[PDB]
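> pasting the structure only:
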Ligand SMILES: [Mg+2]
Ligand SMILES: [Mg+2]
Ligand SMILES: [Mg+2]
């Protein structure tokens with residue numbers, strides 16, 4: 001039973017969950033990949049890895065993706081989570097020197113993953129491994145776009161580092177622009193393309209309906225995460241959260257911020273439903289009778305479909321993952337899966 005303050009009746013009724021048939025293998029393989037790359041201690045993987053439901057999230061998102069593509073996505077996503085934890089630990093312990101170097105190593109590895117497959121820092125090598133595999137599905141033009149988007153993500157994380165060390169709480173609009181990058185909105189949007197096995201031309205993917213649908217899907221997830229991860233981010237001295245920016249600047253109380261974030265989350269859903277019609281109508285326009293048009297039509301249709309899936313997958317992920325179960329920790333400021 002989902003708590004009233006986090007419950008979204010629309011998602012439960014209009015957004016039915018889906019699950020990739022490869023998921024059972026996905027869960028085990030990703031777990032093994034975390035062990036082989038040494039991204040987590042062997043006992044924390046045994047204890048927490050499956051309870052984190054990182055593979056569950058992506059398997060309910062990228063439906064119709066080839067197994068190898070889904071695996072690379074899941075491994076990358078798992079790295080993304082342990083990088084968020086390393087980023088958090090570097091801040092609380094004030095390891096600015098360690099962070100700046102890692103930051104630099106990630107930029108370089110992003111451009112040439114092969115050269116960093118066996119780097120001394122396992123976090124860098126784990127990153128290089130998943131990125132190299134992601135670069136093997138689609139032509140170089142896609143890889144370049146991916147790198148370009150993730151270069152921005154790293155800098156956003158660096159910007160987050162400086163804000164938390166100084167104690168600066170971003171403005172509500174300053175946060176919303178930063179949140180699009182720290183949540184990696186366009187990374188997950190790009191990953192839709194190898195999932196449908198097709199790189200979309202700019203004329204297609206920058207179509208207003210496609211753009212808006214992709215955006216709204218990411219905004220919902222990012223903002224619902226802020227709503228659900230709020231208690232664990234309060235206890236961990238995290239300052240990057242929509243609710244926190246409201247309380248700090250707009251002087252809203254703890255309950256006023258929750259309700260305010262809820263309404264923004266609810267708007268995303270109904271706004272998505274409106275543009276989803278336009279996005280799917282555009283998919284029907286692409287099918288002009290040609291083989292090419294048919295391929296582009298199917299890809300967009302599958303992508304928009306996965307944008308929809310994200311809603312249900314994220315929603316149930318925040319109530320099934322042990323990542324946010326702060327109420328069951330001995331030390332609320334230190335998650336047990338984090339080292
Ligand atoms: Mg975090
Ligand atoms: Mg973050
Ligand atoms: Mg969060």
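Sure thing, it's come through. Numbers count the residues shown, from 1 in each chain. Ligands and ions are numbered 1, 2, ... in the order given.

> Tell me the gap between stretch 230-245 and the middle of its chain.
Centroid separation for stretch 230-245 versus its chain: 18 Å, with C-alpha atoms, centre = their mean, to the nearest Å.

> which of the residues in stretch 4-12 are buried?
6, 8, 11 (16 or more other C-beta atoms under 10 Å). For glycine as for every other residue, the C-beta is placed from the backbone atoms N, C-alpha and C.

> do stretch 63-71 as well
63-65, 69-71.

> do stretch 260-272 as well
Buried, per 16+ other C-beta under 10 Å, within stretch 260-272: 260-262, 264-266, 268-269, 271-272.

> Kindly report the residues of the protein close to ligand 3.
Residues of the chain found near ligand 3 (C-beta under 5 Å from the ion) are 225, 229.

> Report the closest residue of the chain relative to ligand 3.
residue 229 (3.2 Å; C-beta to the ion).

> residues near that residue, how many?
Residues within reach of residue 229, counting by other C-beta atoms under 10 Å, total 19.

> State the distance from the closest residue to it other than its chain neighbours to residue 30.
Using C-beta to C-beta, 6 or more residues apart in numbering and skipping the chain neighbours, the partner closest in space to residue 229 is residue 324 (5.4 Å). Here the criterion is C-beta to C-beta, to the nearest Å. By it, residue 324 lies 19 Å from residue 30.

> can you map out the helices along the stretch 1-150 of the chain?
9-14, 23-36, 42-44, 54-59, 67-92, 96-111, 122-134, 140-166 (DSSP state H, counting those that start in this stretch).

> ok, back up a step: how about the residue nearest to residue 229, phi and psi?
Note on residue 324: backbone dihedrals following degrees, to the nearest 10 are phi -110, psi 0.

> Does it touch residue 318 like I think?
Yes - in terms of C-beta atoms under 8 Å, residue 324 counts as a neighbour of residue 318; the distance is 5.9 Å.

> Mind listing the shared neighbours of the two?
Residues touching both residue 324 and residue 318 by C-beta atoms under 8 Å, 6 or more residues apart in numbering: 228-229.

> picking up where we left off before, can you tell me which residues contact the residue of the chain closest to ligand 3?
241, 318, 323-324.

> repeat that with 10 Å
Shown in contact with residue 229 (C-beta atoms under 10 Å, 6 or more residues apart in numbering): 236, 238, 241, 243, 318, 321, 323-324, 326.

> that older thread, neighbour-wise, which of residue 324 and residue 30 wins?
For residue 324 and residue 30, the more surrounded residue by other C-beta under 10 Å is residue 30, and the numbers stand at 24 against 19.

> neighbours of residue 226, just the number please.
23.

> for the helix or strand hosting it, packing partners?
Using DSSP states H and E, residue 226 maps to helix 208-228. Packing partners of helix 208-228 (3 or more C-beta pairs under 10 Å, 6 or more residues apart in numbering; DSSP states H and E): helix 172-182, helix 185-190, helix 192-195, helix 202-205, helix 242-249, helix 254-286, helix 291-317.

> now, of those helices, which is deepest in the fold?
With neighbours taken as mean count of other C-beta atoms under 10 Å, those reach their highest mean count in helix 192-195, at a mean of 24.

> other SSEs contacting that one?
helix 67-92, helix 140-166, helix 208-228, helix 291-317.

> now for the contacts of residue 229, which pair is the farthest apart?
Across the contacts of residue 229, no pair lies farther apart than 243 and 321, at 19.0 Å, counting by C-beta to C-beta.

> what sits against the residue lying closest to residue 276 once chain neighbours are set aside?
For residue 276, ignoring the flanking residues on the chain, the nearest one in space by C-beta to C-beta, 6+ apart is residue 213 at 5.9 Å. Applying C-beta under 10 Å, 6+ apart, we find residue 213 in contact with 189, 207, 271-280, 282, 300, 303-304, 307-308.

> what do you get if the cut-off is 8 Å, keeping everything else the same?
Residues counted as contacts of residue 213 (C-beta under 8 Å, 6+ apart) are 272, 275-276, 278-279, 304, 307.

> My guess is residue 305 contacts residue 61. True?
No - in this structure residue 305 lies outside contact range of residue 61 using C-beta under 8 Å: 10.6 Å.

> that older thread, quick check: of the contacts of residue 229, which has the highest neighbour count?
Most crowded among the contacts of residue 229, counting by other C-beta under 10 Å, is residue 241 at 24 neighbours.

> hang on, that residue packs against residue 228?
No - taking C-beta under 8 Å as the definition, residue 241 is not a contact partner of residue 228, at 10.5 Å.

> which residues are common contacts for these two?
Counting by C-beta under 8 Å, 6+ apart, nothing touches both residue 241 and residue 228.
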